[PDB]
Amino acid sequence: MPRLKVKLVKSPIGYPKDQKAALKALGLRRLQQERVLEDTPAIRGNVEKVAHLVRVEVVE
Amino acid sequence: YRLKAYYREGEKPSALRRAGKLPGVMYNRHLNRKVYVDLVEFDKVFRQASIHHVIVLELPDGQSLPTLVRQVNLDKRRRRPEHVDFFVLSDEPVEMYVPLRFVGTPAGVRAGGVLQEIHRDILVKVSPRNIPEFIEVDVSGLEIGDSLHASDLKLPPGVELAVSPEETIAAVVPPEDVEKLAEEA
Amino acid sequence: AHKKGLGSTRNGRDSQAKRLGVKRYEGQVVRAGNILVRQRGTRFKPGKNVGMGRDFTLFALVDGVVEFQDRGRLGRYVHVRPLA
Amino acid sequence: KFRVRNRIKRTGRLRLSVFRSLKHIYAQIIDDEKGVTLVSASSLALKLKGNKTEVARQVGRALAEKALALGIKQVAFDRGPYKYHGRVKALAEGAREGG
Amino acid sequence: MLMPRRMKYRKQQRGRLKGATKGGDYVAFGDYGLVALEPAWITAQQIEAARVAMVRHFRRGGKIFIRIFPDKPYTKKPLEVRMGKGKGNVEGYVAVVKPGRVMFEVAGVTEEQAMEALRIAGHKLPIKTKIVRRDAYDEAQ
RNA sequence: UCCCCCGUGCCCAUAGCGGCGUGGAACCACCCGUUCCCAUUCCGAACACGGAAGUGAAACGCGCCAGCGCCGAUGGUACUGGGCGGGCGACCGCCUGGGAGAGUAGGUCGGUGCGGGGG
RNA sequence: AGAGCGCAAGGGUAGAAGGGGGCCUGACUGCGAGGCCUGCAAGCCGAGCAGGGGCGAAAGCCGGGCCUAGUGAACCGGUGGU
RNA sequence: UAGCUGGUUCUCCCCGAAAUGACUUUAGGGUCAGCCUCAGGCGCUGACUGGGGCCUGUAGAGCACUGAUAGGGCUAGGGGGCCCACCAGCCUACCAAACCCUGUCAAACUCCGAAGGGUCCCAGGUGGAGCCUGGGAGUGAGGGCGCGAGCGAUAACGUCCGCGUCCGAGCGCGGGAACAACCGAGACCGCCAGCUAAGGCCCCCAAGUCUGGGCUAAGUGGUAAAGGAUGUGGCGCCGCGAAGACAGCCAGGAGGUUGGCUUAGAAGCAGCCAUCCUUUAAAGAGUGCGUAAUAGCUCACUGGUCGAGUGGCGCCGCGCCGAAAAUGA
Numbered sequence: 001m002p003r004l005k006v007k008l009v010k011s012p013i014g015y016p017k018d019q020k021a022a023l024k025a026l027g028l029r030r031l032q033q034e035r036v037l038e039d040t041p042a043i044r045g046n047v048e049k050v051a052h053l054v055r056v057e058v059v060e
Numbered sequence: 003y004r005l006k007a008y009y010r011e012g013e014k015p016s017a018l019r020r021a022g023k024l025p026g027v028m029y030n031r032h033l034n035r036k037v038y039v040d041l042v043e044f045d046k047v048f049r050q051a052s053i054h055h056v057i058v059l060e061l062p063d064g065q066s067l068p069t070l071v072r073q074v075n076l077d078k079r080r081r082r083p084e085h086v087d088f089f090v091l092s093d094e095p096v097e098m099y100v101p102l103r104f105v106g107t108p109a110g111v112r113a114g115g116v117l118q119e120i121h122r123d124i125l126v127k128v129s130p131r132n133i134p135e136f137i138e139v140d141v142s143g144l145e146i147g148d149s150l151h152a153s154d155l156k157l158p159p160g161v162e163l164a165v166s167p168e169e170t171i172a173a174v175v176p177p178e179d180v181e182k183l184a185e186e187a
Numbered sequence: 002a003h004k005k006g007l008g009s010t011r012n013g014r015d016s017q018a019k020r021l022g023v024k025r026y027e028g029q030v031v032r033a034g035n036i037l038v039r040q041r042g043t044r045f046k047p048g049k050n051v052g053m054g055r056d057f058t059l060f061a062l063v064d065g066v067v068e069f070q071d072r073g074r075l076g077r078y079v080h081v082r083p084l085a
Numbered sequence: 011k012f013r014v015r016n017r018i019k020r021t022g023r024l025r026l027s028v029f030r031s032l033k034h035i036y037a038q039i040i041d042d043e044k045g046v047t048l049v050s051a052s053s054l055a056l057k058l059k060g061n062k063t064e065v066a067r068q069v070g071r072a073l074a075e076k077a078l079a080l081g082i083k084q085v086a087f088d089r090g091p092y093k094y095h096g097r098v099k100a101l102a103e104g105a106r107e108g109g
Numbered sequence: 001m002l003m004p005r006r007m008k009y010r011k012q013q014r015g016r017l018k019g020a021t022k023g024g025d026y027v028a029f030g031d032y033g034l035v036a037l038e039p040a041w042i043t044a045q046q047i048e049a050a051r052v053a054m055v056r057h058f059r060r061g062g063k064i065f066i067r068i069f070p071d072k073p074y075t076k077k078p079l080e081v082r083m084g085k086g087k088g089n090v091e092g093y094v095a096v097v098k099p100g101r102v103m104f105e106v107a108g109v110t111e112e113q114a115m116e117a118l119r120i121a122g123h124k125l126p127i128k129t130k131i132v133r134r135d136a137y138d139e140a141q
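Protein chains in written order, with the deposited numbering: chain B3, 1 to 60; chain BZ, 3 to 187; chain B0, 2 to 85; chain BS, 11 to 109; chain BQ, 1 to 141.
So this is what it looks like as structure tokens:
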């Protein structure tokens with residue numbers, strides 16, 4: 001089960017509630033953030049959620 | 003008659019169309035996969051036969067599998083072809099429409115009143131060995147306010163019927179002269 | 002501006018709409034007395050250890066789990082599994 | 011057509027399904043849960059007397075004892091078109107308090 | 001000129017119009033057919049004017065079938081009377097027309113005849129149109 | 001443990017409808033009687049009760065057929081989470097994941113669980 | 001199941017609520033868990049337990065009405081009564 | 001007295017509201033509930049999401065009920081009659097109960113009915129999350145933007161709700177020339193340090209007069225339509241041609257006939273119906289023009305010359321016309 005790390009790309013500032021709450025779920029507080037977080041389809045769901053405001057990678 | 007054929011797969015619908023080839027499907031009692039072919043030549047062939055006559059599609063699998071069409075589902079908006087269904091033929095009982103040929107100009111006609119037909123194709127069950135190209139039926143002397151239906155039509159022996167047949171095949175009705183402006187009063 | 006006639010009305014009225022529907026869905030625990038369905042008709046006929054009253058209401062009769070049910074030629078049903 | 015779920019009006023808990031023919035009684039004890047039945051007796055299908063009534067009495071009575079003989083207190087009474095004439099077994103003897 | 005005959009509610013809501021047309025996109029009837037391209041209403045006034053327009057062009061014609069039916073109220077209020085107060089009045093009866101919808105068919109004429117008939121008539125219609133023959137759609141109840 | 005009938009339960013019409021054939025040696029049904037219990041808003045039709053030489057007509061039980069009625073893939077369009085556009089506007093297109101309705105082929109005259117009376 | 005289901009509408013309804021007769025008066029009293037609903041105050045749901053009853057051989061239901069309108073805090077005072 | 005107006009003084013450090021829900025002699029006002037706050041109590045529970053299970057009746061779509069509906073059939077029958085009664089019988093380009101076929105309409109119609117959404121358990125989740133008592137609040141004129149329905153006229157910077165977001169309190173920053181809410185973007189201070197967002201890279205102005213292919217000729221670009229056109233350039237189809245087409249250029253361009261009727265006269269030729277056949281390479285019962293009808297011009301059509309491409313039907317990319325207003329463009 002390889003780890004998943006994301007980079008925050010596009011500002012949270014101006015997006016629906018679920019989006020914001022998701023970011024605030026990911027230990028993600030401001031722009032340009034390498035967030036190294038182990039795989040778990042809950043987290044993944046929360047990725048495909050935030051998928052655009054961010055950038056992804058399954059770093060091992 | 004002959005058209006090409008192409009075995010379809012798991013490729014997205016939209017693309018196949020906005021590349022060059024309309025997509026399709028075939029099924030017969032058990033045989034069901036996905037298929038497709040060219041547009042322009044397909045449209046040419048169709049415009050002749052379609053669900054009137056028989057199609058023969060020689061397919062890039064080695065054979066020359068002949069079908070009939072069946073159903074022409076379109077996009078409706080700016081209506082035009084977009085995925086049909088094909089029927090893999092055999093020799094078993096099958097219902098289908100036969101384009102009819104109203105031949106001869108009657109008495110209700112020429113008196114003024116013109117045929118307002120009901121059908122230009124009748125549902126009939128046949129063995130695929132009989133090919134009723136088109137029942138070139140009468141309509142010798144239909145009168146104005148006169149009708150014809152049932153088994154009135156000649157049926158090529160074997161090619162049975164498949165309605166009531168009290169299904170009224172056609173009839174002649176009045177014109178629409180400028181005296182229908184007097185109606186406006 | 003000419004304010005002459007103007008066709009009035011006699012329509013605008015509704016209802017202090019009470020909130021009606023499946024109050025307790027399945028997988029839910031009840032202590033008996035908890036109503037699971039507030040309905041107008043009998044869209045949900047009584048289930049096992051579920052009761053009904055004057056206003057067509059499926060409520061609890063024990064301490065267990067709401068279980069949903071359908072019976073085409075008998076209607077739809079809502080029950081409560083024991084949990085002993 | 012005495013369906014009416016006279017069943018339901020007795021589907022409180024634990025049935026006892028009985029019915030008659032031209033000449034033979036069919037007294038049976040059915041338990042639900044899964045559908046499992048239980049206890050039998052028949053006026054002219056237990057190889058018994060040929061007088062509908064009294065046989066039935068005794069037959070129910072036979073079954074009656076059978077009930078307590080295998081651990082039975084009180085149950086229901088599944089009867090369609092009765093006109094309630096007791097069938098003076100009525101399983102009233104019938105342990106159960108039929109009547 | 002068509003409408004129902006007093007039925008259910010009088011006033012109803014105009015609403016926005018998408019474009020699935022729900023159905024009605026081939027000939028089956030006549031022989032030549034006028035079908036539309038702009039999502040709008042067909043006006044009973046227009047409706048009659050176009051039907052005429054055809055009839056008018058070809059004296060002693062055939063049979064002109066009308067598929068669509070104008071059965072929707074024009075909620076219209078009076079003039080210079082200030083807002084609020086009541087809905088309007090049912091007025092001008094029309095219909096929903098979503099493009100790719102058959103509206104009228106000509107049968108038993110010249111090619112030229114139905115050409116110019118559908119041409120002029122639809123030319124009088126609240127929008128613009130396409131005029132089609134009768135083929136590629138066959139097989140549809 | 002099995003082939004048949006019956007008292008009765010489960011799925012919810014692929015069980016229902018309809019033409020054909022059907023079985024009673026037990027079961028089942030008509031049927032024998034209306035005097036004893038009982039009752040018809042009138043008839044013993046219905047429930048009720050005492051009972052034969054017949055019957056298997058109906059009721060019913062079982063088989064065949066799809067003719068009505070029932071279910072119905074596959075594909076692809078609709079519509080749309082959520083993401084970007086384009087047009088004053090009425091409205092339109094690309095992305096992803098979801099994914100009908102109607103129809104097309106085909107399929108359907110049931111499935112099963114119990115307890116007794118028969119061989 | 002498209003009729004009746006008191007009276008508007010909607011849901012619901014014969015595996016009855018409808019329709020017939022017999023009997024009766026639970027259109028009970030003392031309560032009431034746990035709920036619906038919810039700014040408050042109101043309104044709405046009900047087993048159960050005791051009494052003492054009505055129906056049915058029973059099993060059983062009965063604390064009005066197929067369901068949602070038919071209504072009015074408090075202060076004032078009349079009322080029979082402890 | 002004034003539920004109104006007006007004014008209300010020092011500094012930094014932290015969070016940070018609402019313009020709603022009901023209620024009133026209330027609507028520009030107060031209680032309350034939601035939202036801010038600080039102390040003490042609570043401890044993975046909360047926002048969010050993965051899994052399972054459930055409720056739902058919209059977007060579509062369907063016509064099986066509710067009604068609306070267009071066209072034909074079939075017919076109960078209604079105008080009817082032919083024409084006998086204890087009563088019958090056969091009968092229409094009239095209209096019409098129902099049924100059937102042929103399409104279809106719907107917020108208050110529904111056999112079907114999704115994407116969603118709500119919600120109950122398994123688990124991740126450490127966040128100025130969430131929970132519990134408690135004191136002080138301020139709020140209760142909102143506005144904008146997006147899809148979603150109403151109102152309006154599918155008008156209003158109009159209005160009234162729904163989810164959402166910003167302005168409000170972010171008139172702090174970059175774009176958009178300028179520009180509360182459109183794009184980018186959450187501003188402790190300092191830095192003559194680099195990357196990048198939107199948006200740009202001739203210049204005002206900072207950076208490519210970067211590379212390659214395809215378009216347009218009007219200031220289009222630098223703001224409108226239906227509707228009209230031998231504008232331009234690629235795509236697709238459909239007959240014609242070296243046995244000689246396309247255009248022009250020579251010539252033929254006929255007869256019953258003055259077609260039957262209308263019609264004052266209608267002779268291809270103002271209209272009605274027409275729907276010949278015959279001599280012929282070819283001349284139609286006619287393409288427009290011409291007449292008082294006639295005459296006549298011409299065409300259509302085949303061969304003479306000529307000698308290579310032609311006539312047209314749709315689609316698509318950009319324009320052209322359509323297109324007039326008030327101080328200086």
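For every residue, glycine included, the Cβ atom is placed at its ideal position computed from N, Cα and C.
Between which two residues does the alpha helix (DSSP H) carrying residue 8 (chain BS) extend? Because residue 8 (chain BS) is not part of the residues shown, which for chain BS are 11 to 109, the question remains open.
Within chain BQ, the residues that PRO177 (chain BZ) reaches when beta carbons sit closer than 9 angstroms: Against the second sequence, residue 177 (chain BZ) aligns to sequence position 175. Those within 9 angstroms of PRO177 (chain BZ) in chain BQ are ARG60, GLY61, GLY62, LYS63 and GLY108.
So what does DSSP say about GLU178 (chain BZ), is it helix, strand or coil? Within the second sequence, the letter at position 176 stands for residue 178 (chain BZ). Residue state, collapsed to three classes: coil.
How big is the Cα-Cα spacing for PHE57 (chain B0) and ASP88 (chain BS)? Reading the third sequence from its first residue, position 56 is the one you call residue 57 (chain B0). Reading the fourth sequence from its first residue, position 78 is the one you call residue 88 (chain BS). Answer to the nearest angstrom: the Cα atoms are 28 angstroms apart.
For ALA102 (chain BS), tell me which candidate among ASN61 (chain BS), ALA66 (chain BS) and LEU32 (chain BS) has the shortest Cα-Cα distance. Walking along the fourth sequence from the start, residue 102 (chain BS) turns up at place 92. Among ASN61 (chain BS), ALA66 (chain BS) and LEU32 (chain BS), the Cα nearest to that of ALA102 (chain BS) is on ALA66 (chain BS).
Report yes or no: is there a C-beta of chain BZ within less than 8 angstroms of the C-beta of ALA136 (chain BQ)? Against the fifth sequence, residue 136 (chain BQ) aligns to sequence position 136. So, interface residue.
Cutoff 8 angstroms: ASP71 (chain BQ) Cβ touching any chain BZ Cβ: Residue 71 (chain BQ) sits at position 71 when you count from the first residue of the fifth sequence. Not a single C-beta of chain BZ is nearer than 8 angstroms to the C-beta of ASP71 (chain BQ).
Between the C-alpha atoms of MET54 (chain BQ) and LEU118 (chain BQ), what's the straight-line distance to the nearest angstrom? Here residue 54 (chain BQ) is taken as the residue at index 54 of the fifth sequence, counted from 1. Here residue 118 (chain BQ) is taken as the residue at index 118 of the fifth sequence, counted from 1. Their Cα atoms are separated by approximately 6 angstroms.
Verify the CB distance criterion: does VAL81 (chain BQ) have a CB-CB separation below 8 angstroms to chain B0? In the fifth sequence, counting from the first residue as 1, residue 81 (chain BQ) sits at position 81. Yes - at least one Cβ of chain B0 is within 8 angstroms of the one on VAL81 (chain BQ).
Pair within 8 angstroms by beta-carbon distance, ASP148 (chain BZ) and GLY114 (chain BZ): Reading the second sequence from its first residue, position 146 is the one you call residue 148 (chain BZ). Reading the second sequence from its first residue, position 112 is the one you call residue 114 (chain BZ). No, the pair does not count as a contact, with Cβ atoms beyond the cut-off.
For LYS85 (chain BQ), decide whether its Cβ has a neighbour in chain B0, counting only Cβ atoms nearer than 8 angstroms. The sequence position of residue 85 (chain BQ) within the fifth sequence is 85, counting from 1. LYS85 (chain BQ) counts as touching chain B0.
How is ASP154 (chain BZ) classed by DSSP in three states: helix, strand or coil? Along the second sequence, one-based indexing puts residue 154 (chain BZ) at 152. DSSP places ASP154 (chain BZ) in helix when its eight states are reduced to three.
8 angstroms contact criterion, which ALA77 (chain BS) and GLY104 (chain BS) should meet: CB distance rounded: Taking the fourth sequence and counting its residues from 1, one reaches residue 77 (chain BS) at position 67. Taking the fourth sequence and counting its residues from 1, one reaches residue 104 (chain BS) at position 94. Correct: roughly 7 angstroms between the Cβ atoms.
Can you look up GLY122 (chain BQ) in the DSSP assignment and give me helix, strand or coil? Indexing the fifth sequence from 1 puts residue 122 (chain BQ) at position 122. Note: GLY122 (chain BQ) maps to helix in three-state DSSP.
Buried or exposed (CB count within 10 angstroms, at least 16 for buried), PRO2 (chain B3): Locating residue 2 (chain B3) in the first sequence gives position 2, counting from the first residue. When all chains shown are included, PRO2 (chain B3) counts as exposed.
For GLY13 (chain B0) and chain BQ, any beta-carbon pair shorter than 8 angstroms? Taking the third sequence and counting its residues from 1, one reaches residue 13 (chain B0) at position 12. So no, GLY13 (chain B0) is outside the interface.
Mind pulling the chain BZ residues with CB within less than 7 angstroms of residue 142 (chain BQ)? Outside the modelled stretch of chain BQ, which goes from 1 to 141, sits residue 142 (chain BQ), for which no answer is possible.
Excluding the 5 residues preceding and the 5 following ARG4 (chain BZ) in the sequence, name in chain order all residues of the same chain whose CB lies nearer than 6 angstroms to its CB. Here the question's residue 4 (chain BZ) lines up with position 2 in the second sequence. If we look at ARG4 (chain BZ) and ignore the five residues flanking it on each side, its Cβ neighbours are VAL58.
Closer than 8 angstroms, CB to CB, is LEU62 (chain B0) near chain BQ or not? Position 61 of the third sequence holds residue 62 (chain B0). Chain BQ, which has no Cβ nearer than 8 angstroms to the Cβ of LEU62 (chain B0), makes this no.
Alpha carbon to alpha carbon, how far is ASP40 (chain BZ) from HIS85 (chain BZ)? Translated into positions along the second sequence, residue 40 (chain BZ) becomes position 38. Translated into positions along the second sequence, residue 85 (chain BZ) becomes position 83. Computed Cα separation, rounded: 11 angstroms.
With 16 other CB atoms within 10 Å as the buried threshold, where does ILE133 (chain BZ) fall? Here residue 133 (chain BZ) refers to the residue found at position 131 of the second sequence. When all chains shown are included, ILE133 (chain BZ) counts as exposed.
Host alpha helix (DSSP H) of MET54 (chain BQ) (start-end): Sequence index remark: in the fifth sequence, residue 54 (chain BQ) carries index 54 (1-based). Unbroken alpha helix (DSSP H) run through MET54 (chain BQ): 44-57.
Can you find a CB in chain BQ that lies within less than 8 angstroms of the CB of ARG112 (chain BZ)? As a working note, residue 112 (chain BZ) is residue 110 in the second sequence. No - not a single Cβ of chain BQ is within 8 angstroms of the one on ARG112 (chain BZ).
Which stretch, first to last residue, makes up the beta strand (DSSP E) that contains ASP71 (chain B0)? Taking the first residue of the third sequence as position 1, residue 71 (chain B0) is located at position 70. Secondary structure note for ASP71 (chain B0): its beta strand (DSSP E) is the uninterrupted segment 66-72.
When DSSP labels each residue in this structure, what does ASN12 (chain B0) get in the three-state scheme? Locating residue 12 (chain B0) in the third sequence gives position 11, where the first residue counts as 1. In the three-state DSSP reduction, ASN12 (chain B0) falls in the coil class, being neither helix nor strand.
If you scan the stretch 39-63 of chain BS from start to end, which runs of the beta strand (DSSP E) of 3 or more residues do you find wholly inside it? Listed in chain order, the complete beta strand (DSSP E) runs (minimum 3 residues) inside the stretch 39-63 of chain BS are 48-51.
Spatial distance of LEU37 (chain BQ) from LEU183 (chain BZ) (CA atoms): The residue labelled residue 37 (chain BQ) in the question sits at position 37 within the fifth sequence. The residue labelled residue 183 (chain BZ) in the question sits at position 181 within the second sequence. If you take the alpha carbons of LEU37 (chain BQ) and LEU183 (chain BZ), they lie about 29 angstroms apart.
Counting Cβ pairs closer than 8 angstroms, one from the stretch 26-41 of chain BQ and one from the stretch 94-104 of chain BQ, do we hit at least three? yes
What is the DSSP secondary structure of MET7 (chain BQ), reduced to helix, strand or coil? Mapped onto the fifth sequence, residue 7 (chain BQ) falls at position 7. DSSP places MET7 (chain BQ) in the coil class of the three-state scheme, outside both helix and strand.
CA-to-CA distance, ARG41 (chain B0) to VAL51 (chain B0), given in whole angstroms: Residue numbering aside, residue 51 (chain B0) sits at position 50 when the third sequence is read from its first letter. Residue numbering aside, residue 41 (chain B0) sits at position 40 when the third sequence is read from its first letter. Using only the alpha carbons, I get a separation of about 17 angstroms.
Straight-line gap, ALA136 (chain BQ) to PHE60 (chain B0) (C-alpha atoms, nearest Å): Here residue 136 (chain BQ) is taken as the residue at index 136 of the fifth sequence, counted from 1. Here residue 60 (chain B0) is taken as the residue at index 59 of the third sequence, counted from 1. Cα to Cα, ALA136 (chain BQ) sits roughly 60 angstroms from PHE60 (chain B0).
Thinking C-beta only, is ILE68 (chain BQ) closer than 8 angstroms to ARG51 (chain BQ)? Within the fifth sequence, residue 51 (chain BQ) is the residue found at index 51, counting from 1. Within the fifth sequence, residue 68 (chain BQ) is the residue found at index 68, counting from 1. Contact flag unset, no.
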